[PDB]
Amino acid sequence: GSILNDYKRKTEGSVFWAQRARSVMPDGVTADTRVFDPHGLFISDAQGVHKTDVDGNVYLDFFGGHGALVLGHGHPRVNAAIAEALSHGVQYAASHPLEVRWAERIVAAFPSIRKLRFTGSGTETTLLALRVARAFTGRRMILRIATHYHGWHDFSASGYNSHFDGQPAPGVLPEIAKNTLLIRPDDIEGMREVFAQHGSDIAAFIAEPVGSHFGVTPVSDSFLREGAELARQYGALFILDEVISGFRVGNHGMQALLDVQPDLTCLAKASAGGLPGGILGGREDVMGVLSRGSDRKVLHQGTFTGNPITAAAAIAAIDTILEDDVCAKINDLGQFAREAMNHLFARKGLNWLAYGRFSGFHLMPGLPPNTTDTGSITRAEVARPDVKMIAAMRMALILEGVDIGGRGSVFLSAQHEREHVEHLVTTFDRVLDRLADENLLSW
């Protein structure tokens, strides 16, 4: 009768597949975000805002795509473009028109971008951005905000979810950590002091807007604006990681809303139409280090970079997002969802808070739902929610036919509607009661 036991009985097909996965993969998964004790779902189908597991259970999905699926699962305009491109080849050992057309839409949406190059992933994008910044400036050091996520490569793996003392994570050359400067989010005096001491040796200041993982740990717009101006003053490149915000918060990225012009912008996920790929774009002179005729030439290649299948999906997705005014839709739905959740928490006498911006929200157990200032989250002053409770919450939602991400994050898509959000609220009501039944809530 426990949540854990109900979970195991409803997802019996997923424990069978999890066991096969564990014999060939570490922790039975191919990505750390998929680790889930005792086992995760194995999905065999997804359409619209629903996905189906190997047992036939249907779930209302709020996280599939990790933000890439701004248009939802199998949007017919995207899938038709993919199907059409597939009937014409994948790799020509040559240029092709669809990469140009894709590129022209990126340049039209981000005036800061005059030149770009496609990459294989969001992680390759930020990796290339750091290489380009170091090669352009001739400098050594990278300035990162602690907790901000830019991928799993060597230069962003230390100080993300560990090693906040500047030490190198396992396998990271200590010289890489030695050449990384970490500042805490919204710590302005620290940032001014880091530039005062190291400004001339900083190749780039890279930051994720909204905050770590699209606002799980909020960072203020004004903190990024001042960081961008200090980088400009000292000759460091400002790199804005718009992998999640791109073509989700608005038609012109987060940088339009911040009123900054980054020297480099990293894009992937929705900017790639929901298929593998990434995009690095930025200043004409900076991107010149990728030209064959540069004295600071950075080597960049990639077999499937810019491939026509991804490009067709991105062309179709970008055009649909602009034409159907999707960003404004999901921004309104996200605000509706945050108010509905916080009304629920107050209704039930629970000190939980739904926070965030734009097309989703995050949950912070232990803060009142009428909280206005997320500063205690940014300063890591609030206590970490019990890990058993978070796990039980995710399992109980699955029992009720809903799936969210992480420790309580939601993304909304063009195919979500107010009714779906209201079902989410109704579902959470039951889940919170089940967590109380097992004495997992704190008060």
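In case it trips you up, residue 1 is the first one in the sequence shown, and so on.
K.L.:
Select between 154-162 and 336-344 the stretch whose C-alpha atoms have the higher average B-factor in the entry.
P.N.:
Here the higher of the two C-alpha B-factor means belongs to 154-162.
K.L.:
Quick one: higher average CA temperature factor, 259-267 or 178-186?
P.N.:
Here the higher of the two C-alpha B-factor means belongs to 178-186.
K.L.:
Of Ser359, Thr371, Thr310, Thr123, which one's C-alpha B factor is largest in the deposited record?
P.N.:
Among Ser359, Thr371, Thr310, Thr123, the PDB entry lists the largest C-alpha B-factor for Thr371.
K.L.:
Could you tell me which one of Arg140, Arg248, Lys115, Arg101 shows the highest CA temperature factor in the PDB record?
P.N.:
Result of the comparison over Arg140, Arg248, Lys115, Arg101: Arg140.
K.L.:
Sort the modelled residues of this chain by their C-alpha B factor and say whether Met191 lands in the lowest, middle or highest third.
P.N.:
It belongs to the highest third of the chain when residues are ordered by C-alpha B-factor.
K.L.:
Rank-wise, by C-alpha B-factor, drop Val54 into the lowest, middle or highest third of its chain.
P.N.:
CA B-factor rank for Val54: highest third.
K.L.:
Please place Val431 in the lowest, middle or highest third of its chain by C-alpha B factor as given in the entry.
P.N.:
Ranked within chain, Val431 CA B lands in the lowest tercile.
K.L.:
Taking the values exactly as deposited, rank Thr119 by C-alpha B-factor within its chain and report the matching third: lowest, middle or highest.
P.N.:
It falls in the bottom third of the chain.
K.L.:
Report the third (lowest, middle or highest) to which the CA temperature factor of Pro385 belongs, ranking only the modelled residues of the same chain.
P.N.:
Answer is highest: the recorded C-alpha B-factor places it there.
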